[PDB]
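Laid out below as structure tokens are two forms of one and the same protein chain, each shown alone and named structure 1 and structure 2.
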Structure 1
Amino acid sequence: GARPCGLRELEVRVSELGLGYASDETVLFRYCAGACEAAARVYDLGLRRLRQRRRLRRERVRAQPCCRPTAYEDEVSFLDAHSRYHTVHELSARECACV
């Protein structure tokens, strides 16, 4: 439990993705999930202190690392409704990191 930020796999039906595809054919879906406890960055620390001090302009400021894809899979093909092989691009994460 509570594992670090990394690549995750899950077999899904294309219809389950909520992309508007009728097909029930399965595709392997890859995604970034996990924890970002790689010690607070000097940038993040400085930002949090300035944030509580009302020094920062009233705006949405993220002073915490995010587990997100740094690269995406080029393409995934599945048989669609019109029975043609349809390609969806950048569906799955290829690489993950804490940004």
Structure 2
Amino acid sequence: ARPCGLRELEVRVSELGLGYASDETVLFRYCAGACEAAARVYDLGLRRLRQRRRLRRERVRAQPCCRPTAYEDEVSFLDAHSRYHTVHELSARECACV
């Protein structure tokens, strides 16, 4: 199983569901994969306290997450009505397990 990192996909901007009627393509980058490092004592503690119903019944993440640490600045394209658009932070640029 591939570990947490950057993945790439060529997409048509109109496939993204963001309201842009354009046949342009963008290189969409994202973060995916497994966080494989040894479990933290923090998380092992937290898992036990959660099982024991000690955490005030709230949303708690007791596992690392593969998420972007930085995003693409901008990407632009022209739509079918001859209008230009620029989207900021559409793609991930770097990934980490946190």
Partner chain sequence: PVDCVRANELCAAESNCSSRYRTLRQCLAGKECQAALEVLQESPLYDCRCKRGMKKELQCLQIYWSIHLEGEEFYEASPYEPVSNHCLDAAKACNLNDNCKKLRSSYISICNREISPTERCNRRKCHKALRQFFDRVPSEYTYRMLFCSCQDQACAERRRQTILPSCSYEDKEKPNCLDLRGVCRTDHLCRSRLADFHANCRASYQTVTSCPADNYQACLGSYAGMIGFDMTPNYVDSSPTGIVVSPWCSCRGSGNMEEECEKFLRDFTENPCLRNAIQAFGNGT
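For residue numbers, the reference is structure 1: its sequence is counted from 1. Shifts are known only where both forms have a C-alpha. For the two forms, the rigid core is made up of the largest set of C-alpha atoms that agree within 1.5 Å on superposition.
request  = Could you let me know which number goes with the form deposited without its partner chain?
outcome  = Of the two forms shown, it is structure 1 that corresponds to the form deposited without its partner chain, while structure 2 does not.
request  = Would you look up how far the C-alpha of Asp24 moves between structure 1 and structure 2 when the rigid core is overlaid, in angstrom?
outcome  = A shift of 1.2 Å.
ask   = Hey, core superposed, how many Å does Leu91 shift at the CA between structure 1 and structure 2?
value = For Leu91, the alpha-carbon shift amounts to 0.1 Å.
task = Taking the rigid core as fixed, quantify in angstrom how much the C-alpha of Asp80 shifts between structure 1 and structure 2.
result = So the C-alpha of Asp80 has moved 2.1 Å between structure 1 and structure 2.
request  = Just list the residue ranges, at least 3 long, where Cα displacement is 2 Å or more throughout between structure 1 and structure 2 after aligning on the core.
outcome  = Three-plus residue run displaced between structure 1 and structure 2: 80 to 82, uniquely.
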